[PDB]
Every structure is written in C-alpha cells, then in structure tokens.
Amino acid sequence: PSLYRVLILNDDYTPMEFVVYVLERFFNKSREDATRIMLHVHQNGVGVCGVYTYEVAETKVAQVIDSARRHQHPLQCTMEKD
Ligand SMILES: [Mg+2]
C-alpha cells in the first residue's frame, strides 16, 4: 500500500487568499495551518498539501485543477510517490 504526496507549485499571479481557501477546503487545514503552508510555498516554490493513498491523492489533484480553472487562477498541482 504505497502512498503519494500531493504538492502545489508556486506562481506569481494566484492570490494568497485563494491558496488559503484551497488548503482549508480541499486539505482540511485550520486557518493557521493553511496560512503556514501557503507562506511556505510562496517562498520555497513548492509545498506538500497532504499525503494520501494513490486514488485519494488522485482525486485531490483533480479537484485542485478543476477548482483552480473555475476561479480562473493558474495554480499548478500534482502528485508523487511518498
Ligand atoms: Mg517515508
């Protein structure tokens, strides 16, 4: 039962608030944690949102893209074997 990391990539145009909204909503973070991960990514260029089983991980990558495309932001999100 291998696991997979769900990451988001930093870009220069996506609002800070939407990134915080995303983590709170799709990754189940309190607003303190959300703020941390968002700030971390902003400086590091990449950050782990969470770690799940493959398909759980897969659903979360898809929901972040589908969501990002509706707010019309270019937030990049993908996965990788933990
Ligand atoms: Mg390990």
# chains A, B, ... in the order shown; residues from 1 in each chain; ligands from 1
>>> residues_around(residues="residue 24 of chain A", least_positions_apart="2", cutoff="12 Å", atoms="only C-alpha atoms", output="number ranges by chain")
A: 17-22, 26-38, 49-50, 64
>>> residues_near_ligand(ligand="ligand 1", cutoff="10 Å", atoms="only C-alpha atoms and all ligand atoms", output="PyMOL selection string")
chain A and resi 2-3+81-82
>>> write_last_selection(atoms="N, CA and C atoms", output="tab-separated table (two decimals), in the first residue's frame")
chain	number	residue	atom	x	y	z
A	2	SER	N	1.43	1.61	-1.15
A	2	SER	CA	2.30	2.79	-1.23
A	2	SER	C	1.47	4.06	-1.21
A	3	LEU	N	2.08	5.16	-0.79
A	3	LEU	CA	1.38	6.43	-0.71
A	3	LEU	C	1.93	7.45	-1.70
A	81	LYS	N	5.11	9.72	-5.63
A	81	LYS	CA	5.29	8.63	-4.66
A	81	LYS	C	6.01	9.09	-3.40
A	82	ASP	N	5.35	8.94	-2.26
A	82	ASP	CA	5.95	9.24	-0.97
A	82	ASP	C	6.94	8.14	-0.59
>>> atom_distance(atom1="atom CA of residue 43 of chain A", atom2="atom CA of residue 80 of chain A")
20.7 Å
>>> atom_distance(atom1="atom CA of residue 76 of chain A", atom2="atom CA of residue 54 of chain A")
18.4 Å
>>> closest_residue(among="A:73, A:42, A:79, A:13", to="residue 58 of chain A", atoms="only C-alpha atoms")
A:79
>>> atom_distance(atom1="atom CA of residue 15 of chain A", atom2="atom CA of residue 51 of chain A")
24.0 Å
>>> select_by_dssp(residues="chain A", states="strand (DSSP E)", output="PyMOL selection string")
chain A and resi 3-9+46-53+76-81
>>> residues_around(residues="residue 75 of chain A", least_positions_apart="4", cutoff="9 Å", atoms="only C-alpha atoms", output="PyMOL selection string")
chain A and resi 8-11+13-14+19+64-65+68-69
>>> write_last_selection(atoms="C-alpha atoms", output="PDB file, in the first residue's frame")
ATOM      1  CA  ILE A   8       1.247  22.631  -5.223  1.00  0.00           C
ATOM      2  CA  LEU A   9       3.662  24.797  -7.193  1.00  0.00           C
ATOM      3  CA  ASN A  10       4.269  28.499  -6.622  1.00  0.00           C
ATOM      4  CA  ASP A  11       3.219  31.008  -9.256  1.00  0.00           C
ATOM      5  CA  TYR A  13      -0.374  35.561 -10.122  1.00  0.00           C
ATOM      6  CA  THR A  14      -2.603  33.388  -7.920  1.00  0.00           C
ATOM      7  CA  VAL A  19      -4.451  29.388  -1.922  1.00  0.00           C
ATOM      8  CA  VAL A  64      -7.472  21.390  -7.236  1.00  0.00           C
ATOM      9  CA  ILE A  65      -7.082  21.730 -11.010  1.00  0.00           C
ATOM     10  CA  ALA A  68      -8.332  26.433  -9.995  1.00  0.00           C
ATOM     11  CA  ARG A  69      -9.700  26.643 -13.516  1.00  0.00           C
TER      12      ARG A  69
END
>>> select_by_dssp(residues="segment 14-68 of chain A", states="helix (DSSP H, G or I)", output="ChimeraX atom specification")
/A:16-26,31-44,54-68
>>> write_last_selection(atoms="N, CA, C and O atoms", output="compact mmCIF listing (two decimals), in the first residue's frame")
# COMPACT_ATOMS: atom_id res chain seq x y z
N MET A 16 -3.11 35.11 -2.67
CA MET A 16 -2.79 34.40 -1.43
C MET A 16 -4.05 33.83 -0.81
O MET A 16 -4.03 32.75 -0.21
N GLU A 17 -5.15 34.56 -0.94
CA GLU A 17 -6.39 34.19 -0.28
C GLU A 17 -6.98 32.93 -0.88
O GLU A 17 -7.54 32.10 -0.17
N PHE A 18 -6.84 32.78 -2.19
CA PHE A 18 -7.39 31.60 -2.86
C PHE A 18 -6.61 30.35 -2.51
O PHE A 18 -7.18 29.27 -2.40
N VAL A 19 -5.30 30.50 -2.33
CA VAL A 19 -4.45 29.39 -1.92
C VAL A 19 -4.82 28.93 -0.51
O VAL A 19 -4.89 27.73 -0.23
N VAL A 20 -5.07 29.89 0.38
CA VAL A 20 -5.52 29.59 1.74
C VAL A 20 -6.92 28.97 1.73
O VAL A 20 -7.21 28.06 2.50
N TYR A 21 -7.79 29.49 0.87
CA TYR A 21 -9.12 28.92 0.69
C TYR A 21 -9.03 27.47 0.23
O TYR A 21 -9.78 26.62 0.69
N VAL A 22 -8.10 27.19 -0.67
CA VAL A 22 -7.95 25.84 -1.21
C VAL A 22 -7.51 24.83 -0.14
O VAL A 22 -8.11 23.77 0.00
N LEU A 23 -6.46 25.18 0.60
CA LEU A 23 -5.93 24.27 1.61
C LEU A 23 -6.96 23.97 2.69
O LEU A 23 -7.11 22.82 3.10
N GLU A 24 -7.67 25.00 3.15
CA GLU A 24 -8.71 24.84 4.16
C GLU A 24 -9.83 23.92 3.67
O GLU A 24 -10.40 23.15 4.44
N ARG A 25 -10.12 24.02 2.38
CA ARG A 25 -11.29 23.37 1.79
C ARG A 25 -11.01 21.97 1.26
O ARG A 25 -11.82 21.06 1.44
N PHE A 26 -9.87 21.79 0.61
CA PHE A 26 -9.56 20.51 -0.03
C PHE A 26 -8.60 19.65 0.78
O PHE A 26 -8.47 18.45 0.52
N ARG A 31 -7.14 27.42 9.73
CA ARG A 31 -6.65 28.59 9.01
C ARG A 31 -5.24 28.98 9.44
O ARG A 31 -4.58 29.78 8.78
N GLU A 32 -4.78 28.41 10.55
CA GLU A 32 -3.40 28.62 10.97
C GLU A 32 -2.47 27.79 10.08
O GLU A 32 -1.48 28.29 9.55
N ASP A 33 -2.81 26.51 9.92
CA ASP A 33 -2.05 25.61 9.07
C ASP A 33 -2.08 26.08 7.62
O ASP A 33 -1.05 26.09 6.95
N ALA A 34 -3.27 26.46 7.15
CA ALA A 34 -3.42 26.95 5.79
C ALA A 34 -2.44 28.09 5.51
O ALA A 34 -1.73 28.08 4.50
N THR A 35 -2.41 29.05 6.42
CA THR A 35 -1.54 30.22 6.30
C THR A 35 -0.08 29.80 6.23
O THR A 35 0.70 30.36 5.46
N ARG A 36 0.29 28.81 7.04
CA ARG A 36 1.66 28.31 7.04
C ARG A 36 2.07 27.73 5.69
O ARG A 36 3.00 28.19 5.05
N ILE A 37 1.35 26.69 5.27
CA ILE A 37 1.63 26.03 4.00
C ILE A 37 1.66 27.00 2.82
O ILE A 37 2.51 26.90 1.95
N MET A 38 0.71 27.93 2.80
CA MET A 38 0.66 28.96 1.76
C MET A 38 1.92 29.83 1.76
O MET A 38 2.52 30.06 0.71
N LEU A 39 2.31 30.30 2.94
CA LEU A 39 3.52 31.12 3.08
C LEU A 39 4.77 30.32 2.74
O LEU A 39 5.66 30.81 2.05
N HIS A 40 4.84 29.08 3.21
CA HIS A 40 5.94 28.18 2.87
C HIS A 40 6.13 28.04 1.37
O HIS A 40 7.24 28.22 0.86
N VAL A 41 5.05 27.71 0.66
CA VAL A 41 5.10 27.57 -0.79
C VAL A 41 5.54 28.86 -1.47
O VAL A 41 6.37 28.85 -2.40
N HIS A 42 5.00 29.98 -1.00
CA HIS A 42 5.30 31.28 -1.57
C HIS A 42 6.79 31.55 -1.62
O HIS A 42 7.27 32.24 -2.52
N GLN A 43 7.52 31.02 -0.65
CA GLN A 43 8.95 31.26 -0.55
C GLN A 43 9.78 30.12 -1.14
O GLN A 43 10.83 30.35 -1.75
N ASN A 44 9.30 28.89 -0.96
CA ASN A 44 10.03 27.71 -1.39
C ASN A 44 9.79 27.35 -2.85
O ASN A 44 10.62 26.71 -3.49
N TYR A 54 -2.94 6.42 -3.25
CA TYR A 54 -2.96 6.83 -4.65
C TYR A 54 -4.23 7.57 -5.08
O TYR A 54 -4.17 8.72 -5.49
N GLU A 55 -5.37 6.88 -5.01
CA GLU A 55 -6.61 7.40 -5.58
C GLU A 55 -7.19 8.56 -4.81
O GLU A 55 -7.78 9.47 -5.39
N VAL A 56 -7.06 8.51 -3.49
CA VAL A 56 -7.43 9.64 -2.67
C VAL A 56 -6.58 10.81 -3.12
O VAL A 56 -7.07 11.92 -3.31
N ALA A 57 -5.29 10.54 -3.32
CA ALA A 57 -4.36 11.55 -3.81
C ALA A 57 -4.77 12.03 -5.19
O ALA A 57 -4.73 13.22 -5.47
N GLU A 58 -5.17 11.10 -6.04
CA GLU A 58 -5.58 11.43 -7.40
C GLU A 58 -6.81 12.34 -7.41
O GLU A 58 -6.88 13.29 -8.20
N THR A 59 -7.77 12.06 -6.54
CA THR A 59 -8.99 12.86 -6.50
C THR A 59 -8.68 14.28 -6.07
O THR A 59 -9.31 15.23 -6.52
N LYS A 60 -7.70 14.42 -5.19
CA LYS A 60 -7.37 15.73 -4.65
C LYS A 60 -6.62 16.61 -5.66
O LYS A 60 -6.77 17.83 -5.66
N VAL A 61 -5.81 15.98 -6.51
CA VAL A 61 -5.12 16.71 -7.57
C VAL A 61 -6.13 17.21 -8.58
O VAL A 61 -6.05 18.35 -9.05
N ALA A 62 -7.10 16.35 -8.91
CA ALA A 62 -8.13 16.70 -9.88
C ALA A 62 -9.05 17.82 -9.39
O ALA A 62 -9.44 18.70 -10.15
N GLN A 63 -9.38 17.78 -8.10
CA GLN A 63 -10.25 18.80 -7.52
C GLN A 63 -9.55 20.15 -7.44
O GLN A 63 -10.20 21.18 -7.50
N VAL A 64 -8.23 20.14 -7.31
CA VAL A 64 -7.47 21.39 -7.24
C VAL A 64 -7.33 22.04 -8.61
O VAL A 64 -7.40 23.26 -8.75
N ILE A 65 -7.13 21.23 -9.64
CA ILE A 65 -7.08 21.73 -11.01
C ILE A 65 -8.46 22.23 -11.44
O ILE A 65 -8.62 23.38 -11.83
N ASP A 66 -9.45 21.35 -11.35
CA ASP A 66 -10.82 21.72 -11.71
C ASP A 66 -11.26 23.00 -10.99
O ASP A 66 -11.87 23.89 -11.59
N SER A 67 -10.93 23.10 -9.71
CA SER A 67 -11.28 24.28 -8.93
C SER A 67 -10.50 25.51 -9.40
O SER A 67 -11.07 26.59 -9.56
N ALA A 68 -9.20 25.33 -9.61
CA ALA A 68 -8.33 26.43 -9.99
C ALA A 68 -8.79 27.05 -11.30
O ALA A 68 -8.69 28.26 -11.50
>>> decode(residues="segment 13-78 of chain A", atoms="C-alpha atoms", output="compact mmCIF listing (two decimals), in the first residue's frame")
# COMPACT_ATOMS: atom_id res chain seq x y z
CA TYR A 13 -0.37 35.56 -10.12
CA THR A 14 -2.60 33.39 -7.92
CA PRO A 15 -3.99 35.36 -4.92
CA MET A 16 -2.79 34.40 -1.43
CA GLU A 17 -6.39 34.19 -0.28
CA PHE A 18 -7.39 31.60 -2.86
CA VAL A 19 -4.45 29.39 -1.92
CA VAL A 20 -5.52 29.59 1.74
CA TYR A 21 -9.12 28.92 0.69
CA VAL A 22 -7.95 25.84 -1.21
CA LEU A 23 -5.93 24.27 1.61
CA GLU A 24 -8.71 24.84 4.16
CA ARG A 25 -11.29 23.37 1.79
CA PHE A 26 -9.56 20.51 -0.03
CA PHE A 27 -6.92 19.51 2.52
CA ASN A 28 -8.79 20.01 5.78
CA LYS A 29 -6.44 22.54 7.37
CA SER A 30 -7.27 25.01 10.10
CA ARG A 31 -6.65 28.59 9.01
CA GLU A 32 -3.40 28.62 10.97
CA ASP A 33 -2.05 25.61 9.07
CA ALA A 34 -3.42 26.95 5.79
CA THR A 35 -1.54 30.22 6.30
CA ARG A 36 1.66 28.31 7.04
CA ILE A 37 1.63 26.03 4.00
CA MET A 38 0.66 28.96 1.76
CA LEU A 39 3.52 31.12 3.08
CA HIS A 40 5.94 28.18 2.87
CA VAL A 41 5.10 27.57 -0.79
CA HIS A 42 5.30 31.28 -1.57
CA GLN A 43 8.95 31.26 -0.55
CA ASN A 44 10.03 27.71 -1.39
CA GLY A 45 8.31 27.48 -4.76
CA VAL A 46 6.73 24.16 -3.86
CA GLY A 47 4.97 22.55 -0.91
CA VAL A 48 3.21 19.39 0.20
CA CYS A 49 -0.51 19.86 0.76
CA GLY A 50 -1.01 16.33 2.10
CA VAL A 51 -0.16 12.65 1.73
CA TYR A 52 -2.74 10.01 0.84
CA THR A 53 -3.25 6.68 -0.86
CA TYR A 54 -2.96 6.83 -4.65
CA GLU A 55 -6.61 7.40 -5.58
CA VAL A 56 -7.43 9.64 -2.67
CA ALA A 57 -4.36 11.55 -3.81
CA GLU A 58 -5.58 11.43 -7.40
CA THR A 59 -8.99 12.86 -6.50
CA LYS A 60 -7.37 15.73 -4.65
CA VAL A 61 -5.12 16.71 -7.57
CA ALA A 62 -8.13 16.70 -9.88
CA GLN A 63 -10.25 18.80 -7.52
CA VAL A 64 -7.47 21.39 -7.24
CA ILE A 65 -7.08 21.73 -11.01
CA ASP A 66 -10.82 21.72 -11.71
CA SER A 67 -11.28 24.28 -8.93
CA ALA A 68 -8.33 26.43 -9.99
CA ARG A 69 -9.70 26.64 -13.52
CA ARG A 70 -13.06 27.97 -12.32
CA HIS A 71 -11.59 30.78 -10.22
CA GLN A 72 -9.52 31.33 -13.36
CA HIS A 73 -6.23 31.02 -11.47
CA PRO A 74 -3.21 29.08 -12.79
CA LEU A 75 -2.39 27.18 -9.57
CA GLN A 76 -0.38 24.08 -10.54
CA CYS A 77 -0.93 20.89 -8.56
CA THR A 78 0.42 17.34 -8.89
